[PDB]
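Q: Here it is, the structure, as structure tokens.
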Amino acid sequence: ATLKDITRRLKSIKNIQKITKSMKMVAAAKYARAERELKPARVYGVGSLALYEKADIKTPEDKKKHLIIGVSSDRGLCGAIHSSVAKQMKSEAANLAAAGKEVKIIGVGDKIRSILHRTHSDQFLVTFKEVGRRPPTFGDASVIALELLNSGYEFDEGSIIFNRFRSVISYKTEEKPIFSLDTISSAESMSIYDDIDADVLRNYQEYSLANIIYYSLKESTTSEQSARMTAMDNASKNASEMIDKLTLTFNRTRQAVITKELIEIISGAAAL
Amino acid sequence: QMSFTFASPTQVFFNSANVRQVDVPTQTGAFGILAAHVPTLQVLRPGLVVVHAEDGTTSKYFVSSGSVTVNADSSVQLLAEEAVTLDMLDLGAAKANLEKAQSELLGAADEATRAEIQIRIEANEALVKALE
Amino acid sequence: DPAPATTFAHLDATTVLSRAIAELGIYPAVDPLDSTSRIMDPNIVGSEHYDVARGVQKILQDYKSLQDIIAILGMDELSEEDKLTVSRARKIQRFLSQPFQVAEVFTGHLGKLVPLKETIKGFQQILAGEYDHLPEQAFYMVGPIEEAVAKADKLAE
Amino acid sequence: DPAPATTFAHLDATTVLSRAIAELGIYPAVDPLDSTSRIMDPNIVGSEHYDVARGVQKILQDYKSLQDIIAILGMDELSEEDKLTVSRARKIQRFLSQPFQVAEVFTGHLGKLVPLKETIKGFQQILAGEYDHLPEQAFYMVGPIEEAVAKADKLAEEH
Amino acid sequence: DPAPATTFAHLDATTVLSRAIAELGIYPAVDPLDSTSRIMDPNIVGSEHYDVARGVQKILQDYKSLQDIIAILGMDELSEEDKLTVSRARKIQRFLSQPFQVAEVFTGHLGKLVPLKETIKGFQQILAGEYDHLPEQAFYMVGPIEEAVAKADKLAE
Amino acid sequence: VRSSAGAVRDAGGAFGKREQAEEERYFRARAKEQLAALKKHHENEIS
Amino acid sequence: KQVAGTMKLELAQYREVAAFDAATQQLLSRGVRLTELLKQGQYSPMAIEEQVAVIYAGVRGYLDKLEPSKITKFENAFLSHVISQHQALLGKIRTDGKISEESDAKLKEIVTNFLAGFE
Amino acid sequence: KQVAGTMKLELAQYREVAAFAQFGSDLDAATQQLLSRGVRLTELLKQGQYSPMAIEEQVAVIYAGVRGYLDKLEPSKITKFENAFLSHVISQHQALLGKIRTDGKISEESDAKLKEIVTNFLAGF
Amino acid sequence: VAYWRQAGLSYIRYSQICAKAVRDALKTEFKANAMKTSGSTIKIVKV
């Protein structure tokens with residue numbers, strides 16, 4: 001195009017490249033912090049899961065209720081994090097609804113709410129915003145657990161979907177089940193557990209719910225920050241690879257303009 | 001032997017360690033866990049867990065709340081929402097808070113608010129009586 | 001340039017072959033959004049033909065507009081309708097490519113003549129969404145859409 | 001271009017109308033960050049006039065810089081000291097527009113004259129934050145600031 | 001541009017003095033990676049010289065690439081081999097610096113003239129790992145490698 | 001060539017349109033909230 | 001003048017939120033409706049009366065529910081209906097130059113009637 | 001030379017992390033302090049129409065700014081401080097300015113006296 | 001049952017109150033190190 005057009009495009013792309021470079025720097029900082037904080041939270045959450053792991057509690061398959069808690073953040077620009085989590089949520093919701101179970105969905109983060117507000121718009125039970133702006137804490141998990149229990153929904157089973165942070169390059173959309181004291185009580189595997197009346201059991205269930213929510217928040221936050229680091233690094237590399245071609249074109253066009261103006265001048269001079 | 005796992009959301013104290021005996025509080029009431037204790041689930045009261053390592057040394061951590069699981073395979077998981085070593089606490093503050101809570105106990109705003117005051121009172125009570 | 005710029009006014013139908021497409025391996029490299037004709041009239045080529053051609057051009061133009069963002073923020077930053085549009089646009093870009101008889105020695109593939117009705121039908125189907133499950137490469141260098149389905153089946157095994 | 005480039009040196013004051021601003025509908029399209037003058041000094045126009053003019057220019061320039069970030073992040077991600085900057089800058093952009101008496105044929109509105117004191121006071125107030133509670137569209141094509149307040153009230157009522 | 005385009009058809013080598021290496025205190029500022037040459041050919045300069053030069057270039061490129069990771073993911077997450085290459089690269093960087101007989105008044109160090117074979121020997125030894133057990137500053141502003149060893153001794157006595 | 005400030009809007013590319021649209025969205029939302037607040041304040045102030 | 005005053009403004013607003021709430025969603029819907037109303041055939045100009053009739057129909061909101069891909073045909077059909085049923089109204093609008101209140105009411109009736117029986 | 005030698009480096013370091021300035025947070029104390037020193041240094045270099053400063057006064061201002069006696073100040077106020085500090089030094093400590101002007105160097109005695117002046121003034125601001 | 005559950009609380013709230021108490025009863029030094037990583041910022045939206 002004209003020289004002015006290429007100049008303007010090149011300036012804008014330079015701006016974008018700088019912005020994404022700084023963004024990658026910031027996301028790297030936040031990810032380093034989050035991956036530092038995820039060490040204790042990993043052992044904490046694994047301990048929390050210990051019970052249901054080593055004394056398996058399968059739910060009686062003749063229930064009617066369920067719950068699907070998807071975990072994500074508000075902010076975008078992080079690869080297919082929210083995409084993968086919402087895809088898993090809807091996959092499970094449809095598979096369950098095939099069996100007639102009355103599912104409900106809780107999204108932690110605005111992105112999850114939005115991606116699923118076209119289909120599954122009604123099934124939403126509650127959703128939360130302001131996720132990922134600051135590192136999540138156990139206060140956040142306790143708030144989610146409270147807003148779940150108080151809501152007049154006595155779910156009989158549940159699943160929580162989040163993004164387990166495998167490595168700074170990869171993450172896996174994992175799902176962890178979560179039960180209800182009605183299921184816990186009537187499980188044969190629980191007969192070997194003493195001092196278990198139907199009260200310590202469901203104090204313990206409330207705490208276990210808070211634990212699993214907190215663990216999922218920490219995993220998802222680390223995964224999201226790593227994904228944003230990678231995405232902004234890729235965007236900066238794409239912008240630079242584009243600036244290469246734009247600079248070559250700009251230099252060609254600048255020389256063409258100089259030559260053309262000069263030829264016009266000398267052709268006028270000769271003509272007279 | 002016992003595989004002990006003591007953890008707070010923020011930090012971790014023991015991780016599949018090998019301690020001899022660990023004394024934990026509870027709602028149903030204090031008890032000690034040994035290498036083959038019978039399986040149980042419990043939720044903690046604000047008290048101070050004491051851990052005795054394989055060699056004879058006692059470590060005391062005040063925990064505020066959480067859960068404790070003793071499993072079939074003799075693996076204890078003690079999760080506390082807030083665990084702190086006793087040296088990280090100050091009497092004056094705790095005693096003043098206990099007295100303040102008692103002072104608001106008269107103002108029985110409601111069964112709920114009464115409950116919160118009572119919980120604060122017993123939490124501070126255990127705080128002082130472990131610190132003093 | 002003055003020479004082609006001047007000759008553009010003497011032709012009924014132009015067909016702008018572009019190096020950008022040819023570098024993608026599509027052949028003939030015709031640029032769909034620069035080729036024009038004077039008989040692209042609903043009263044000359046009918047209504048189904050005109051509507052299919054204009055739908056193809058509309059979707060290709062939308063994808064071209066998206067390309068500026070796609071080249072930096074990747075396709076992971078597009079709405080779902082935009083992702084679907086990009087998928088259709090890539091399928092159509094590929095499906096426009098054809099193997100010629102005279103290019104057997106180059107490509108080795110057998111040359112195809114696609115009757116007009118088959119072309120309209122195939123593009124109508126791609127636009128409707130009857131083939132959102134196949135991959136892009138199932139359309140690369142095939143004749144009528146039957147061969148596209150067959151190639152997708154071959155790839156699936 | 002050589003012609004305007006050469007004329008720039010022969011003027012005591014230039015008001016570079018811009019097509020980009022006219023596309024936003026702001027009329028007159030005068031470009032605040034390209035119009036200059038020779039009497040824009042604290043000695044010739046006064047300290048407060050000068051401080052306000054420079055404040056308007058600086059906030060608009062900051063907004064120009066922020067738009068680049070808004071390109072990628074979106075605007076929800078902006079900090080809370082900058083969302084304020086963007087909101088104020090948009091308010092000032094709108095408030096710089098005005099309806100002329102010779103443009104009644106286009107806009108239909110009534111032409112206005114805003115004495116100097118009204119402009120300086122209104123921009124002082126917009127900068128200080130005394131109008132964070134009015135929508136930006138309240139300032140579009142109005143004269144003094146009080147008229148922007150009245151228009152905001154009318155929009156609210158008719159809401 | 002036509003001027004450098006015409007000039008570069010005649011250049012038999014290139015030396016790129018860079019500010020970013022005068023800041024680091026290495027002199028001469030010659031940029032080891034931008035600098036090129038036509039006679040970096042095993043036939044012209046020989047197999048051992050070519051292999052040493054290629055090795056130094058490879059290790060310096062690797063260190064350049066790892067500098068970003070060190071600046072982002074932190075140093076503690078580098079393998080033993082990565083840390084060893086970082087040490088080698090820093091030592092080689094410092095070894096490229098030399099004292100000039102004409103810049104004595106600046107550095108004060110007596111100038112040195114390193115003959116070719118001694119340079120090849122020094123870099124062969126550094127790359128092979130013979131001097132993994134010396135401190136970085138033992139290499140800053142020294143002539144032959146043996147002089148670097150002497151400095152390493154005298155800086156611990 | 002170098003980079004200026006606010007060149008994304010100047011270029012007018014897809015990114016510039018994306019700027020203008022996103023900013024208009026956000027401030028439409030905020031203007032709706034502010035108009036609601038203005039009406040509610042008016043009602044709370046007639047008393 | 002009367003219809004264009006609103007139509008131009010609505011398009012001007014829709015043009016700055018095109019690259020995408022309830023109010024703004026309604027705004028985009030209306031803008032797309034108008035834009036599909038501005039399309040046209042070829043070598044088929046229309047009398048001013050018909051132009052104002054369809055613009056009024058689209059800008060008062062009597063198409064805020066009909067599907068986008070159907071406006072292209074609705075307009076066409078709608079025009080025929082008026083040109084076949086209410087030519088007196090069009091003649092009155094054209095001769096009078098302006099849209100009178102009784103003429104406005106007649107147009108309102110006609111638009112709603114055709115809308116209901118169009119689906 | 002004594003002062004601008006380090007001011008040049010401070011601004012050079014600031015200019016290569018200027019982009020973060022908007023984000024500001026989310027970054028370590030290293031770049032945070034870099035771009036908190038850079039902003040102050042920048043705001044020292046602002047100046048007004050037709051009011052050049054004597055060399056000793058420029059040296060005093062840049063000394064205050066770069067030695068670190070300003071990093072605990074809100075940037076918007078920096079200019080005021082300058083326009084105040086300058087005048088203060090002009091009024092009381094003319095002898096120190098004369099010594100800097102004549103010696104053409106910041107002798108360690110003058111260096112110490114200037115540090116004392118800056119600390120005392122900055123205390124009462 | 002327990003007395004706090006009589007008001008209808010949940011063990012989550014009980015742990016919140018107990019942890020808040022212990023946090024309040026820390027050394028002046030450790031307050032600055034425990035006050036963070038303790039609060040909550042999440043907020044709910046009506047459905």
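Identifiers in this document derive from the order of the structure tokens: chains are assigned A, B, ..., residues are numbered from 1 separately in each chain, and ligands are numbered from 1 in order of occurrence.
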Once you count only C-alpha atoms, which residues of chain A turn out to be within 8 Å of chain I? Could you give them as a ChimeraX atom specification?
A: /A:124-131,134-140,142-143,145-146,199,203-204,206-207,210
Q: Residues at most 8 Å from residue 98 of chain E, counting only C-alpha atoms, excluding those fewer than 5 positions away in the same chain, as a ChimeraX atom specification?
A: /E:27-28,112,140-143
Q: Write the selection just made, keeping C-alpha atoms, as a PDB file, in the first residue's frame?
A:
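Just written: out32.pdb:
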```pdb
ATOM      1  CA  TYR E  27      36.746  -4.979  25.457  1.00  0.00           C
ATOM      2  CA  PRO E  28      37.059  -4.927  22.502  1.00  0.00           C
ATOM      3  CA  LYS E 112      49.153  -8.614  25.013  1.00  0.00           C
ATOM      4  CA  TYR E 140      38.746 -11.245  32.450  1.00  0.00           C
ATOM      5  CA  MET E 141      41.370  -9.291  30.504  1.00  0.00           C
ATOM      6  CA  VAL E 142      44.096 -11.894  30.095  1.00  0.00           C
ATOM      7  CA  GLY E 143      46.202 -12.929  27.147  1.00  0.00           C
TER       8      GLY E 143
END
```
Q: Could you please tell me, as a PyMOL selection string, which residues of chain A have an atom within 10 Å of chain D when using only C-alpha atoms?
A: chain A and resi 12+15-16+18-20+23+74-77+133
Q: Grab the residues selected above and save them as a PDB file, in the first residue's frame with N, CA, C and O atoms.
A:
```
ATOM      1  N   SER A  12       1.664   0.484  14.702  1.00  0.00           N
ATOM      2  CA  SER A  12       0.705  -0.201  15.560  1.00  0.00           C
ATOM      3  C   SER A  12       1.214  -1.572  15.969  1.00  0.00           C
ATOM      4  O   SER A  12       1.075  -1.974  17.131  1.00  0.00           O
ATOM      5  N   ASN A  15       3.713  -1.311  18.683  1.00  0.00           N
ATOM      6  CA  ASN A  15       3.047  -1.101  19.962  1.00  0.00           C
ATOM      7  C   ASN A  15       2.539  -2.416  20.531  1.00  0.00           C
ATOM      8  O   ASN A  15       2.741  -2.719  21.712  1.00  0.00           O
ATOM      9  N   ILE A  16       1.864  -3.207  19.699  1.00  0.00           N
ATOM     10  CA  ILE A  16       1.286  -4.459  20.176  1.00  0.00           C
ATOM     11  C   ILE A  16       2.378  -5.404  20.646  1.00  0.00           C
ATOM     12  O   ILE A  16       2.228  -6.093  21.661  1.00  0.00           O
ATOM     13  N   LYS A  18       5.310  -4.654  21.891  1.00  0.00           N
ATOM     14  CA  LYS A  18       5.806  -4.215  23.192  1.00  0.00           C
ATOM     15  C   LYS A  18       4.825  -4.564  24.298  1.00  0.00           C
ATOM     16  O   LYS A  18       5.224  -5.005  25.385  1.00  0.00           O
ATOM     17  N   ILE A  19       3.534  -4.359  24.047  1.00  0.00           N
ATOM     18  CA  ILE A  19       2.540  -4.635  25.076  1.00  0.00           C
ATOM     19  C   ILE A  19       2.565  -6.106  25.447  1.00  0.00           C
ATOM     20  O   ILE A  19       2.543  -6.465  26.627  1.00  0.00           O
ATOM     21  N   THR A  20       2.606  -6.985  24.449  1.00  0.00           N
ATOM     22  CA  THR A  20       2.602  -8.408  24.760  1.00  0.00           C
ATOM     23  C   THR A  20       3.898  -8.838  25.427  1.00  0.00           C
ATOM     24  O   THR A  20       3.884  -9.737  26.267  1.00  0.00           O
ATOM     25  N   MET A  23       3.465  -7.964  28.940  1.00  0.00           N
ATOM     26  CA  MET A  23       2.466  -8.866  29.493  1.00  0.00           C
ATOM     27  C   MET A  23       3.071 -10.210  29.846  1.00  0.00           C
ATOM     28  O   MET A  23       2.746 -10.792  30.883  1.00  0.00           O
ATOM     29  N   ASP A  74     -11.569 -14.795  35.551  1.00  0.00           N
ATOM     30  CA  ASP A  74     -12.279 -13.774  34.793  1.00  0.00           C
ATOM     31  C   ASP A  74     -11.527 -13.394  33.527  1.00  0.00           C
ATOM     32  O   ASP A  74     -12.143 -13.093  32.501  1.00  0.00           O
ATOM     33  N   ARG A  75     -10.200 -13.402  33.584  1.00  0.00           N
ATOM     34  CA  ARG A  75      -9.382 -12.830  32.530  1.00  0.00           C
ATOM     35  C   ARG A  75      -9.156 -13.825  31.403  1.00  0.00           C
ATOM     36  O   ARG A  75      -9.095 -15.036  31.616  1.00  0.00           O
ATOM     37  N   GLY A  76      -9.019 -13.296  30.197  1.00  0.00           N
ATOM     38  CA  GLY A  76      -8.775 -14.078  29.008  1.00  0.00           C
ATOM     39  C   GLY A  76      -7.316 -14.073  28.611  1.00  0.00           C
ATOM     40  O   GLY A  76      -6.420 -13.932  29.447  1.00  0.00           O
ATOM     41  N   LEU A  77      -7.073 -14.229  27.313  1.00  0.00           N
ATOM     42  CA  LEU A  77      -5.722 -14.214  26.758  1.00  0.00           C
ATOM     43  C   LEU A  77      -4.877 -15.354  27.303  1.00  0.00           C
ATOM     44  O   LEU A  77      -3.654 -15.250  27.364  1.00  0.00           O
ATOM     45  N   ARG A 133      -7.607 -12.151  39.874  1.00  0.00           N
ATOM     46  CA  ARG A 133      -7.011 -10.834  40.048  1.00  0.00           C
ATOM     47  C   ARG A 133      -5.938 -10.874  41.123  1.00  0.00           C
ATOM     48  O   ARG A 133      -4.857 -10.301  40.955  1.00  0.00           O
TER      49      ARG A 133
END
```
Q: One decimal, Å: what's the distance from atom CA of residue 71 of chain H over to atom CA of residue 88 of chain H, could you say?
A: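 Between atom CA of residue 71 of chain H and atom CA of residue 88 of chain H the gap works out to 20.1 Å.
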Q: Least-squares fit chain C onto chain E by Cα, in order, and just send back the RMSD.
A: 1.6 Å
Q: Extract, using only C-alpha atoms, all DNA, RNA and protein residues at most 9 Å from residue 1 of chain B, discarding same-chain residues fewer than 3 positions from it, and format them as an MDAnalysis selection string.
A: chainID B and resid 18:20 34:36 74:75
Q: Determine, using only C-alpha atoms, which residues of chain A have any atom at most 7 Å from an atom of chain H, and tabulate each with its shortest atom pair and distance in Å to one decimal place, rows ordered by chain and then rising number, as a tab-separated table.
A:
```
residue	atom	partner	partner_atom	distance
A:22	CA	H:20	CA	6.1
A:26	CA	H:26	CA	6.1
A:29	CA	H:27	CA	6.2
A:30	CA	H:26	CA	6.5
```
Q: Using only C-alpha atoms and a cut-off of 8 Å, which residues of chain A sit close to chain B? Please list them as a ChimeraX atom specification.
A: /A:37,40-41,43-44,47-48,50-51,54,138,192-196,200-201,203-204,207
Q: Please dump the current selection as a PDB file, in the first residue's frame; keep N, CA and C atoms.
A:
```pdb
ATOM      1  N   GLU A  37       3.448 -20.955  45.610  1.00  0.00           N
ATOM      2  CA  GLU A  37       2.392 -21.158  46.596  1.00  0.00           C
ATOM      3  C   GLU A  37       1.658 -22.475  46.421  1.00  0.00           C
ATOM      4  N   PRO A  40       2.708 -26.255  48.984  1.00  0.00           N
ATOM      5  CA  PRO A  40       1.915 -26.712  50.134  1.00  0.00           C
ATOM      6  C   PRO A  40       0.466 -27.019  49.808  1.00  0.00           C
ATOM      7  N   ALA A  41      -0.163 -26.250  48.924  1.00  0.00           N
ATOM      8  CA  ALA A  41      -1.560 -26.513  48.616  1.00  0.00           C
ATOM      9  C   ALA A  41      -1.731 -27.856  47.934  1.00  0.00           C
ATOM     10  N   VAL A  43       0.017 -30.734  48.572  1.00  0.00           N
ATOM     11  CA  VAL A  43      -0.008 -31.784  49.587  1.00  0.00           C
ATOM     12  C   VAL A  43      -1.247 -31.650  50.455  1.00  0.00           C
ATOM     13  N   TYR A  44      -1.654 -30.422  50.753  1.00  0.00           N
ATOM     14  CA  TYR A  44      -2.875 -30.211  51.515  1.00  0.00           C
ATOM     15  C   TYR A  44      -4.082 -30.819  50.808  1.00  0.00           C
ATOM     16  N   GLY A  47      -3.906 -34.641  50.713  1.00  0.00           N
ATOM     17  CA  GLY A  47      -4.334 -35.153  51.998  1.00  0.00           C
ATOM     18  C   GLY A  47      -5.840 -35.121  52.140  1.00  0.00           C
ATOM     19  N   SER A  48      -6.464 -34.024  51.722  1.00  0.00           N
ATOM     20  CA  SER A  48      -7.914 -33.940  51.826  1.00  0.00           C
ATOM     21  C   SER A  48      -8.585 -35.062  51.052  1.00  0.00           C
ATOM     22  N   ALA A  50      -7.319 -37.932  50.397  1.00  0.00           N
ATOM     23  CA  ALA A  50      -6.910 -39.222  50.939  1.00  0.00           C
ATOM     24  C   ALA A  50      -8.077 -40.122  51.322  1.00  0.00           C
ATOM     25  N   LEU A  51      -9.008 -39.625  52.135  1.00  0.00           N
ATOM     26  CA  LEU A  51     -10.069 -40.492  52.637  1.00  0.00           C
ATOM     27  C   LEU A  51     -10.817 -41.151  51.490  1.00  0.00           C
ATOM     28  N   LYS A  54      -8.605 -43.837  49.596  1.00  0.00           N
ATOM     29  CA  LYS A  54      -8.231 -45.127  50.167  1.00  0.00           C
ATOM     30  C   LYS A  54      -9.359 -45.814  50.918  1.00  0.00           C
ATOM     31  N   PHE A 138      -7.677 -19.588  51.195  1.00  0.00           N
ATOM     32  CA  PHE A 138      -8.693 -20.448  51.783  1.00  0.00           C
ATOM     33  C   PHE A 138      -9.955 -19.669  52.110  1.00  0.00           C
ATOM     34  N   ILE A 192     -15.626 -49.337  58.794  1.00  0.00           N
ATOM     35  CA  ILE A 192     -14.404 -49.574  59.545  1.00  0.00           C
ATOM     36  C   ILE A 192     -13.949 -48.308  60.246  1.00  0.00           C
ATOM     37  N   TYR A 193     -14.748 -47.254  60.176  1.00  0.00           N
ATOM     38  CA  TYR A 193     -14.378 -45.961  60.731  1.00  0.00           C
ATOM     39  C   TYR A 193     -15.164 -45.741  62.013  1.00  0.00           C
ATOM     40  N   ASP A 194     -14.466 -45.606  63.133  1.00  0.00           N
ATOM     41  CA  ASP A 194     -15.141 -45.469  64.411  1.00  0.00           C
ATOM     42  C   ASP A 194     -15.344 -44.017  64.795  1.00  0.00           C
ATOM     43  N   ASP A 195     -16.131 -43.827  65.847  1.00  0.00           N
ATOM     44  CA  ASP A 195     -16.515 -42.501  66.293  1.00  0.00           C
ATOM     45  C   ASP A 195     -17.010 -41.682  65.106  1.00  0.00           C
ATOM     46  N   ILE A 196     -17.973 -42.249  64.392  1.00  0.00           N
ATOM     47  CA  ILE A 196     -18.585 -41.608  63.234  1.00  0.00           C
ATOM     48  C   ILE A 196     -20.092 -41.693  63.442  1.00  0.00           C
ATOM     49  N   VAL A 200     -20.335 -35.688  63.184  1.00  0.00           N
ATOM     50  CA  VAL A 200     -18.950 -35.438  62.803  1.00  0.00           C
ATOM     51  C   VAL A 200     -18.776 -35.739  61.333  1.00  0.00           C
ATOM     52  N   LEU A 201     -19.569 -36.665  60.806  1.00  0.00           N
ATOM     53  CA  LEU A 201     -19.418 -37.040  59.411  1.00  0.00           C
ATOM     54  C   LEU A 201     -19.684 -35.865  58.496  1.00  0.00           C
ATOM     55  N   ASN A 203     -20.038 -32.405  59.467  1.00  0.00           N
ATOM     56  CA  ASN A 203     -19.022 -31.382  59.687  1.00  0.00           C
ATOM     57  C   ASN A 203     -17.796 -31.664  58.832  1.00  0.00           C
ATOM     58  N   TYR A 204     -17.349 -32.914  58.844  1.00  0.00           N
ATOM     59  CA  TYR A 204     -16.195 -33.309  58.055  1.00  0.00           C
ATOM     60  C   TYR A 204     -16.466 -33.158  56.569  1.00  0.00           C
ATOM     61  N   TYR A 207     -16.063 -29.515  55.657  1.00  0.00           N
ATOM     62  CA  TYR A 207     -14.659 -29.145  55.564  1.00  0.00           C
ATOM     63  C   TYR A 207     -14.013 -29.739  54.325  1.00  0.00           C
TER      64      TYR A 207
END
```
Q: List every residue of chain A that has an atom at most 8 Å from any atom of chain E, and for each one report the closest atom pair and its distance in Å to one decimal, counting only C-alpha atoms, with rows sorted by chain and then by increasing residue number, as JSON lines.
A:
```
{"residue": "A:25", "atom": "CA", "partner": "E:72", "partner_atom": "CA", "distance": 7.5}
{"residue": "A:28", "atom": "CA", "partner": "E:72", "partner_atom": "CA", "distance": 6.2}
{"residue": "A:29", "atom": "CA", "partner": "E:72", "partner_atom": "CA", "distance": 7.6}
{"residue": "A:32", "atom": "CA", "partner": "E:73", "partner_atom": "CA", "distance": 7.0}
{"residue": "A:255", "atom": "CA", "partner": "E:1", "partner_atom": "CA", "distance": 7.8}
```
Q: Residues as selected, N, CA, C and O atoms, written as an mmCIF file, in the first residue's frame, can you do that?
A:
```
data_model
loop_
_atom_site.group_PDB
_atom_site.id
_atom_site.type_symbol
_atom_site.label_atom_id
_atom_site.label_comp_id
_atom_site.auth_asym_id
_atom_site.auth_seq_id
_atom_site.Cartn_x
_atom_site.Cartn_y
_atom_site.Cartn_z
ATOM 1 N N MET A 25 6.150 -10.733 30.622
ATOM 2 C CA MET A 25 6.961 -10.526 31.818
ATOM 3 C C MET A 25 6.098 -10.607 33.074
ATOM 4 O O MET A 25 6.432 -11.304 34.043
ATOM 5 N N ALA A 28 4.789 -14.057 33.803
ATOM 6 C CA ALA A 28 5.854 -14.879 34.357
ATOM 7 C C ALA A 28 6.029 -14.615 35.842
ATOM 8 O O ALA A 28 6.197 -15.551 36.628
ATOM 9 N N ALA A 29 6.002 -13.348 36.249
ATOM 10 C CA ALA A 29 6.123 -13.049 37.674
ATOM 11 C C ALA A 29 5.006 -13.714 38.468
ATOM 12 O O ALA A 29 5.250 -14.416 39.464
ATOM 13 N N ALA A 32 5.395 -17.506 38.639
ATOM 14 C CA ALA A 32 6.416 -17.949 39.575
ATOM 15 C C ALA A 32 5.874 -17.922 40.992
ATOM 16 O O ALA A 32 6.024 -18.885 41.751
ATOM 17 N N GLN A 255 12.184 3.291 -0.703
ATOM 18 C CA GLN A 255 13.073 3.460 -1.844
ATOM 19 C C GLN A 255 12.288 3.697 -3.124
ATOM 20 O O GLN A 255 12.695 4.499 -3.969
#
```
Q: Which of chain B end up as strand (DSSP E) when DSSP is run on this backbone - answer as an MDAnalysis selection string?
A: chainID B and resid 3:7 12:17 19:24 31:33 40:42 47:53 58:63 66:70 75:80 83:85
